[PDB]
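> One structure is given below, represented as structure tokens, and several questions about it will come after.
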Ligand SMILES: CC(=O)N[C@H]1[C@H](O[C@H]2[C@H](O)[C@@H](NC(C)=O)CO[C@@H]2CO)O[C@H](CO)[C@@H](O[C@@H]2O[C@H](CO[C@H]3O[C@H](CO)[C@@H](O)[C@H](O)[C@H]3O)[C@@H](O)[C@H](O[C@H]3O[C@H](CO)[C@@H](O)[C@H](O)[C@@H]3O[C@H]3O[C@H](CO)[C@@H](O)[C@H](O)[C@@H]3O[C@H]3O[C@H](CO)[C@@H](O)[C@H](O)[C@@H]3O)[C@@H]2O)[C@@H]1O
Ligand SMILES: CC(=O)N[C@H]1[C@H](O[C@H]2[C@H](O)[C@@H](NC(C)=O)CO[C@@H]2CO)O[C@H](CO)[C@@H](O[C@@H]2O[C@H](CO[C@H]3O[C@H](CO)[C@@H](O)[C@H](O)[C@H]3O)[C@@H](O)[C@H](O[C@H]3O[C@H](CO)[C@@H](O)[C@H](O)[C@@H]3O[C@H]3O[C@H](CO)[C@@H](O)[C@H](O)[C@@H]3O[C@H]3O[C@H](CO)[C@@H](O)[C@H](O)[C@@H]3O)[C@@H]2O)[C@@H]1O
Ligand SMILES: *[C@@H]1O[C@H](CO)[C@@H](O)[C@H](O)[C@H]1NC(C)=O
Ligand SMILES: *[C@@H]1O[C@H](CO)[C@@H](O)[C@H](O)[C@H]1NC(C)=O
Ligand SMILES: *[C@@H]1O[C@H](CO)[C@@H](O)[C@H](O)[C@H]1NC(C)=O
Ligand SMILES: *[C@@H]1O[C@H](CO)[C@@H](O)[C@H](O)[C@H]1NC(C)=O
Ligand SMILES: [Ca+2]
Ligand SMILES: [Ca+2]
């Protein structure tokens, strides 16, 4: 199937920080890529769709970009409430696939 | 009668007006309508009639259980009065077999039916109500052909067959018949990876066929066949408006000489009129099924690898089921240009609607207009709850 | 074949002899008769056949529930052998749509079918079994036409359409076709307030149509159309013998240039032969419904605002149901005068007989005699209790 | 307010069958494809299939064209998923989600249920 390569399942950062998550697709998905945030309980929320479109009521700080096989989510000012796992996904063709995910953490002493 | 000649060109297509619709399944629940599939329409110098692969059983009889199966010795190619339903009492068997095509060269009709077991199939070519030529299998693996009318120029009727793998390379040939006789044949060339279920139209002494790449393409192979020189060519619709199905979502740019990847080992018979800015594509609405149908103006869809729709027209809502579709034209209608036409086999029953044990269909066809007519939706119209 | 020509005049009408009657609903309960409505009859140089708007379902099948509804994508104009019932197996689809008209100019037939949604309807004009012209909606509000045969003179076939309000002013046009092509058109003039469902007859190179003023008239608008000059005129039957329905009781005097008031936003298609003293009117017997039918001699009914019947002839008892009715004539019968003819659609089922879920009909037609024949009543003949 | 309400957890004996209730409220049920997804350790997130209430259309992840049979009750506005022949490996978390493109297969899964955790044990 189209394999979704998400390289880095752990990203330490500090509140205030501009973090950037990257995603990879086996083949050229032509922008049909989305991003999901799964907060620690289980809530899977959608943020960006079709590479750059923010979903309804999604913080203006979240960015999404990338073309061809490489895409990326850019979180501007890391807030405590962003410490979740982000999953990229492609809907270019069936079946739909998801990357491995990337768990954001804090850099401390 | 002299042999026809692709003398004219296609008229400016601005709208698709309703042309025929036989509410076969509607009426079929209380009448003697034969179970069919793989329909199409063709015209002779004084009539246009529907055609299909009958299953040798009506819809309400017990012999309809199992009609999903598309190959048995109880299937014949039947023709019938434009827009009436294929009834036992009005249909006219044309030949025996489970894959066909038929064109009228001017003088008479040529019908071809393929029958036999998968590894041992044959195509008997009838010309004028009489069998005249036979062609045994070459790759011994489901010798199949067009499934829609063929086109002829000055006596020569090119026609496309395929014998082999339906999920890997195979062997297709362009046979050239005249009055039933094989004038020659040739293996497929051009850049088209796999060919299946070609929809051909004619205009300006050149035949154009849009087919099905079951193997790897979501875009579609095309075959520009020359009736006189008896050569041909192949490639793909450069357009990123993919028209096969299943199919991945629409890209920004498309492939011209190689298949568009994403989905493989599947597709549907479809068609298209490629006339420069005057080009329309037909496709299903769902990217995952044969539900809904639409027509779209995509100028230079054959050459431009970025071409996007500039006009449209729905035919079947997404919620309604479509199926195969193809082209045909009245090469005998009075006029200075050939009015492009097409039909969409509305499929009813299995595998989608499985409350019934049969699988059958009805036809809806349309032709072009130079007027910008308003659109209406054309569903099959039957209520599956009534056959329970 | 040369184009016909309204060379003769109407013969002296003294009696109406029986001409056709297909006991469609009678036979229909145990045969494969299509559900219809809006019938009429027309003749070509060698046949006269019935026509109607099929509903794409037979009477006994489950798909008849809801046939009251008069507009859907499952309706086609079908024609059939004079006096036989419209059976799936013998009917012949003519075009797709839910409003029509058809005349034969001598050489070939012209059929017109209107289909589409209320705000986006179109009329594709077929001439000789092939579509040739299309006309999109103008007021985007139920583009509708005659619902009975049209008349042609030397190649020109005038025909009346209406697009707009069915209960207030609208836009009607008199299109003039030749071999399928629009030679011209023009907006309605004359004193007629509203036009709908025109019944036209020809004689003496002039066409006469009697229509339906759904908006305000209980009397009926008339349109004297000239096929050569391609002009036309309108007014109303001066006669106080009102022929529309619903309709107020008969007055002593009538209106000639304005609609007769009392009942509005309703009516029925009807007809009349206006030939000086040789004039007969047709009308329903009930002033409140389409029950019963009668013919009456009302001399100078078109000019005389006081004219009352001098002869009569019942056709359908008051207790029996009638419906639409119109004119037609065999412009090809050997003779020195055109025998006037007419048909009355006997409506069975909903909304009147609501023990059934369908709505359908049968035809009874008659032509004139110079003899003073005795009268008989001609009901549909079916027993609604049998379809329960 | 799209709301795809889904039960907390299912407990079933290994080898049995089970049904995933996915009661949807908040929009025209008949208008949006309903997807199903499995989230398990190792494999991660996986799409099972799609049910389109508008006309009953379904498609499955070829790797699940046995394990699952999609269906839905239009009256109660619920979508369903019955898993056949449960084993230890079936223990994961199943989510039903709505399509951003409605009938289309683009626009991502705009709305998700809370997730039903299925358990296979004795
Ligand atoms: C003559 C005329 O006006 N025709 C238009 C027609 O008018 C009707 C009237 O509405 C009606 N009523 C009244 C009161 O007038 C009377 O009947 C009239 C005639 O029938 O209306 C239709 C319908 O809106 C209209 O068709 C559309 O045409 C679009 C062209 O538009 C523009 O460009 C023109 C010309 O330059 C310009 O004038 C305008 O300014 C522009 O708006 C065409 O784009 C539309 O088609 C897209 O949308 C459909 C849904 O509406 C899709 O199903 C269709 O496939 C296509 O969009 C898909 O594909 C494209 C191509 O890649 C993509 O860009 C989209 O994202 C979308 O893709 C997704 O859906 C596909 C299908 O499921 C998937 O396969 C794919 O992966 C994606 O998921 C429409 O044809 C007549 O022109
Ligand atoms: C050639 C011939 O003789 N024809 C007559 C026919 O003969 C048949 C024989 O009876 C039969 N048997 C035998 C043994 O011979 C064999 O078949 C023969 C031919 O079929 O018989 C009919 C029936 O009686 C007869 O028709 C009537 O004709 C009347 C003309 O009468 C006279 O004038 C002539 C000529 O000058 C003269 O010779 C006589 O001396 C006069 O009697 C005609 O008036 C009759 O029609 C009225 O009555 C009907 C009921 O019978 C109504 O339904 C009809 O509408 C009309 O009357 C309504 O309308 C008028 C006009 O405004 C009004 O005046 C009435 O008050 C009445 O109106 C009310 O009813 C309407 C309908 O419901 C409402 O809409 C309205 O508001 C009012 O409520 C009849 O046509 C053949 O000529
Ligand atoms: C054939 O169809 C019938 C009719 O519904 C069904 O009950 C029967 O089981 C079907 N055939 C088979 C082999 O199941
Ligand atoms: C038809 O077409 C060919 C084109 O080369 C031409 O040779 C021939 O003269 C034409 N024949 C008829 C029968 O019109
Ligand atoms: C359709 O007709 C049947 C047959 O009598 C009737 O019972 C049914 O209720 C009708 N349809 C509707 C929508 O009521
Ligand atoms: C028919 O009628 C017109 C009347 O002006 C006349 O010109 C023409 O000569 C006649 N045509 C035929 C074909 O009889
Ligand atoms: Ca393919
Ligand atoms: Ca009126």
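Each reported figure results from applying straightforward, stated rules to the coordinates on display, with no laboratory input. Counting neighbours? That spans all protein chains shown, and the Cβs are built from the backbone with ideal geometry, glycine included.
> Measuring nothing but label to label, 7 Å from Cα along Cα→Cβ, what are residue C:248's distances to the other copies in nm, shortest first?
Spelled out, the distances from residue C:248's label point are 7.5 nm.
> What is chain C by shape, rounded, prolate or oblate, if you read a ≥ b ≥ c off the alpha carbon gyration tensor as root eigenvalues and call it rounded for a/c under 1.5, prolate for a/b larger than b/c, and oblate otherwise?
On the way: a/c = 1.24, a/b = 1.07, b/c = 1.16.
Here chain C falls in the rounded category.
> For a paramagnetic label modelled at 7 Å from the Cα of residue A:60 toward its Cβ, which residues of region A:31-46 fall within the zone defined by backbone nitrogen distances under 20 Å?
Answer for this model: none.
> Continuing with this model, one more query. Work out the P(r) tail for region C:264-314: percent of alpha carbon pairs separated by more than 18 Å, whole number. All intermediate terms of the calculation are to be shown ahead of the outcome.
Values: 439 of 1275 pairs.
Counting pairs separated by more than 18 Å, the tail of P(r) holds 34 percent.
> Follow-up. I want to check the label-to-label distance for residue B:370 and residue D:43. Put each point 7 Å from Cα in the C-beta direction and report it in nm to one decimal.
6.1 nm
> Length gain on complete extension for the stretch residue C:140 to residue C:334, per 0.36 nm per residue less the alpha carbon to alpha carbon distance? Don't skip to the answer; put the middle values down first.
On the way: separation 194, 0.36 × 194 = 69.84 nm, distance 4.41 nm.
Extending this stretch completely gives an extra 65.4 nm.
> Placing the label point 7 Å from Cα along the Cα-to-Cβ direction, what are the distances from residue B:73 to the equivalent spots in the other copies, shortest first, in nm to one decimal?
Those label-point separations list as 4.1 nm.
> With r defined as the distance between the Cβ atoms of residue D:27 and residue D:89 and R0 fixed at 41 Å, what FRET efficiency is calculated, to the nearest 0.05? Intermediate values should be presented prior to the final figure.
Values: r = 34 Å, r/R0 = 0.84.
With a Förster radius of 41 Å, E is 0.75.
> Tell me the label-point distance for the pair residue C:352, residue A:77, using the 7 Å Cα-to-Cβ offset, in nm and rounded to one decimal.
Placing both labels 7 Å along Cα→Cβ, they lie 8.0 nm apart.
> Rounded to two decimals, what is Rg over Rh for chain A when you use alpha-carbon atoms and the Kirkwood radius? List each step's numbers first, then the result.
Details: Rg = 13.2 Å, Rh = 13.8 Å.
Here the Rg-to-Rh quotient is 0.96.
> Here is a further query. Checking the a/c ratio against 1.5 first, then a/b against b/c, what shape does the Cα gyration tensor give for region C:298-371? Walk me through the numbers on the way to the answer.
Values: a/c = 2.76, a/b = 1.55, b/c = 1.78.
Cα axes put region C:298-371 in the oblate bin.
> Please give the FRET efficiency for residue C:191 paired with residue C:69, using the beta carbon to beta carbon distance and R0 = 41 Å, rounded to the nearest 0.05. If you can, show how the numbers build up before the last one.
Details: r = 34 Å, r/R0 = 0.84.
Calculated transfer efficiency: 0.75.
> If r is the Cβ-Cβ distance from residue B:89 to residue B:5 and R0 is 45 Å, what FRET efficiency results, to the nearest 0.05? Intermediate values should be presented prior to the final figure.
On the way: r = 37 Å, r/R0 = 0.82.
E between residue B:89 and residue B:5, to the nearest 0.05, is 0.75.
> Can you name the residue in chain C whose Cβ lies closest to the C-to-B rotation axis, and give that gap in whole Å?
C:89, 3
> Per residue of B:368-378, how many C-beta atoms from partner chains lie within 10 Å of its own C-beta, taken as a mean? Mind dumping the intermediate values first?
Working: counts 2, 7, 2, 6, 3, 10, 11, 4, 7, 2, 4.
Whole-number average of other-chain Cβ neighbours for B:368-378 is 5.
> Continuing with the same structure: I need the semi-axes of the equivalent ellipsoid of region B:1-47: take the C-alpha gyration tensor, multiply each eigenvalue by 5, square-root it, list largest first in whole angstrom.
The three semi-axes for region B:1-47 are 31, 18, 9 Å.
> Let me ask something else about it. Which whole number in µm²/s is D for chain D by Stokes-Einstein, with the Kirkwood Rh taken over Cα pairs at 4 °C and 1.567 mPa s? Please report the intermediate quantities before stating the final value.
Working: Rh = 14.4 Å.
D, rounded to a whole number, is 90 µm²/s.
> What nm distances, shortest first, do you get from the label point of residue C:184 to those in the other copies when the point sits 7 angstrom along Cα to Cβ?
5.6
> Given the peptides B:141-152, B:181-192, A:31-42, arrange them by the average over their residues of other C-beta atoms within 10 Å, most packed first. Walk me through the numbers on the way to the answer.
Values: B:141-152: 24.9, B:181-192: 14.3, A:31-42: 19.8.
So the peptides B:141-152, B:181-192, A:31-42, ranked by packing, come out B:141-152, A:31-42, B:181-192.
> Mind checking Rg over Rh on region C:182-331, alpha carbons, Kirkwood formula for Rh?
Values: Rg = 14.6 Å, Rh = 15.3 Å.
Value, to two decimals: 0.95.
> Between region D:1-57 and region A:29-67, what is the separation of their alpha carbon centroids in Å?
21 Å
> Is the shape of region B:1-137 rounded, prolate or oblate, going by the alpha carbon gyration tensor and its root eigenvalues a ≥ b ≥ c, with a/c under 1.5 for rounded and a/b larger than b/c for prolate?
Working: a/c = 2.00, a/b = 1.15, b/c = 1.74.
In terms of gyration-tensor shape, oblate.
> Please give the per residue volume of the convex hull enclosing the alpha carbon atoms of region C:34-101, rounded to a whole number of Å³.
Numbers: hull volume 5.5 nm³, N = 68.
Value for region C:34-101: 81 Å³ per residue.
> Quickly work out the residue B:62-to-residue C:181 label distance, labels modelled 7 Å from Cα along the C-beta direction, and quote it in nm with one decimal.
My value for the distance between the label points is 6.1 nm.
> Please compute the alpha carbon radius of gyration of the protein assembly as shown, then divide it by the globular-protein estimate 2.2 N^0.38 Å. Two decimals is fine.
Details: Rg = 32.8 Å, N = 1007, 2.2 N^0.38 = 30.4 Å.
Output field value: 1.08.
> What ranking do B:194-206, C:278-290 get when scored by the average of other Cβ atoms within 10 Å per residue, highest first? Walk me through the numbers on the way to the answer.
Numbers: B:194-206: 23.7, C:278-290: 20.5.
Descending mean neighbour count gives B:194-206, C:278-290.
> So how do C:209-219, D:20-30 stack up, highest first, on mean other-Cβ count within 10 Å?
Numbers: C:209-219: 25.2, D:20-30: 17.5.
Descending packing order for the listed peptides: C:209-219, D:20-30.
> Mind checking the mean number of beta-carbon atoms from other chains within 10 Å of the Cβ atoms in B:247-254? Let's see the in-between values first.
Values: counts 2, 12, 15, 4, 6, 4, 2, 0.
Across the residues of B:247-254, the mean count of other-chain Cβ atoms within 10 Å is 6.
> Within 10 Å of each Cβ of C:56-64, how many other protein chain Cβ atoms are there on average?
Details: counts 10, 8, 5, 1, 2, 7, 8, 11, 1.
Per residue, the average neighbour count from other chains is 6.
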